[PDB]
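Heads up, the thing below is written out as structure tokens.
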Amino acid sequence: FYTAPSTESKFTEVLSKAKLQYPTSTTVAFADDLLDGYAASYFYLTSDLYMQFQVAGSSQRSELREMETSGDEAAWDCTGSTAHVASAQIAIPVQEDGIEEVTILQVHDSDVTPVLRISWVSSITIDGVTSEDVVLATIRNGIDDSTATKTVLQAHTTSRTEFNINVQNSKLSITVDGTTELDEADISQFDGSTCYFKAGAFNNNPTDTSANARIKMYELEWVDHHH
Ligand SMILES: O=C(O)[C@H]1O[C@@H](O[C@H]2[C@H](O)[C@H](O)[C@H](O[C@H]3[C@H](O)[C@H](O)[C@H](O[C@H]4[C@H](O)[C@H](O)[C@H](O[C@H]5[C@H](O)[C@H](O)[C@H](O[C@H]6[C@H](O)[C@H](O)[C@H](O[C@H]7[C@H](O)[C@H](O)[C@H](O)O[C@@H]7C(=O)O)O[C@@H]6C(=O)O)O[C@@H]5C(=O)O)O[C@@H]4C(=O)O)O[C@@H]3C(=O)O)O[C@@H]2C(=O)O)[C@@H](O)[C@@H](O)[C@@H]1O
């Protein structure tokens, strides 16, 4: 009884360029499945035309992963000359009790390292400063360094918010509602890696493993701009 995101033409292109992973890194729906009306409790269209992702459990996900129309996985040069841009209009509801962090957009390398996570966090402490109920950028310092540089991007609102990730040469920028919030962060530690975008709900370190993380996207796309 769930309506499919594919019923909205605004999602046709990104779904053609995606596969859906749930609840782990296994594919539940490829692009052609998504375009044929795939819908489930963890991936459906709301009555006001949001693509909603929902998932429970530690490090579980309902997430779109960038694909080429050819069916190849996206694997662009992480620090190449071609610009890669992901844009999304996201409404982050107040999260259920026991949900402590939800990753909503990523740049991921083609192995086991996220270049960038954009996530909602119940709290974070950075250089001795604690912020609560904020949206955060996390950029890993390298494949062999588990630590990351963290940047508060936005106070959490339930309002629809525009996020834009721009990746070109060895630099990554994030704009939130038109304002640059991370300006040309260095990602040269991923020289020689290949990369792809992800978007959805990725549930990080819940304190209630049966609570549902929930994230809504009004618009989503990922594109190339050739230099
Ligand atoms: O400052 C402080 O507060 C403290 O910070 C502390 O340190 C922090 C860090 O700062 C940071 O916050 C860190 O965050 C971690 C997150 O919490 C979270 O755990 C995150 O999890 C990652 C995970 O590490 C992996 O990278 C994982 O990768 C998966 C991918 O997303 C993707 O789904 C992959 O899908 C592939 C499949 O796995 C298969 O390989 C599949 O195979 C296909 C082949 O391509 C082939 O074609 C074949 O033939 O067909 C198959 C097929 O189709 O099936 O391909 C797919 C594919 O699509 O590519 O799978 C990956 C996987 O292996 O699982 O993803 C998540 C993610 O980001 O999504 O990791 C974060 C991190 O480690 O950075 O947490 C730290 C912490 O908490 O400790 C401290 O420094 C502290 O001191 C500070 O105070």
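Both counts, for ligands and for their atoms, begin at 1 and track the order of listing. Residue indices begin at 1 and follow the sequence shown. The figures that follow rest on heavy atoms only: side chains count, while hydrogens, waters and symmetry mates do not.
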Which ligand 1 atoms are under 4.0 Å away from a heavy-atom of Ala148?
10 (O)
Please list the nearest protein heavy atom to atom 5 (O) of ligand 1 with its residue and the distance rounded to 0.1 Å.
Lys150 CE, 4.1 Å
Name the closest protein heavy atom to atom 28 (O) of ligand 1, giving the residue it belongs to and the distance to 0.1 Å.
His108 NE2, 3.2 Å
Heavy-atom nearest neighbour in the protein, as seen from atom 33 (O) of ligand 1, with distance rounded to 0.1 Å
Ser25 OG, 2.7 Å
Under 3.5 Å, N or O to N or O, is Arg117 touching ligand 1 that way?
yes
Between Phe53 and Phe43, is the ring centre distance below 6.0 Å?
yes
Contacts satisfying salt bridge (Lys or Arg N to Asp or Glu O under 4.0 Å) that involve residues 156-182 (not counting sequence neighbours) are none
Applying salt bridge (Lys or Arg N to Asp or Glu O under 4.0 Å), which residue pairs with at least one partner in residues 110-130 are found, sequence neighbours left out?
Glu101-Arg117
List every atom of ligand 1 that sits less than 4.0 Å from any heavy atom of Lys19, numbering the atoms from 1 in the order shown and giving each element.
53 (O), 56 (C), 57 (C), 58 (O)
What is the minimum heavy-atom distance between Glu66 and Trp76, and which atoms define it?
OE1-NE1, 2.9 Å
Just to confirm my output: which protein heavy-atom neighbour is closest to atom 32 (C) of ligand 1, and how far is it?
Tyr196 OH, 3.3 Å
Starting from atom 26 (O) of ligand 1, which protein heavy atom do you reach first, and at what distance in Å?
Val112 O, 2.7 Å
Can you check whether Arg65 has an N/O within less than 3.5 Å of an N/O in ligand 1?
yes
Nearest heavy atom to atom 69 (O) of ligand 1: which of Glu101, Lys198, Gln106 does it belong to?
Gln106
Nearest non-hydrogen partners of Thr12 and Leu35, listed with the distance
O-CD2, 3.7 Å
Please identify which atoms of ligand 1 are closer than 4.0 Å to at least one heavy atom of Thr113.
26 (O)
Look only at interatomic distance and state if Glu63 has a nitrogen or oxygen under 3.5 Å from any nitrogen or oxygen of ligand 1.
no
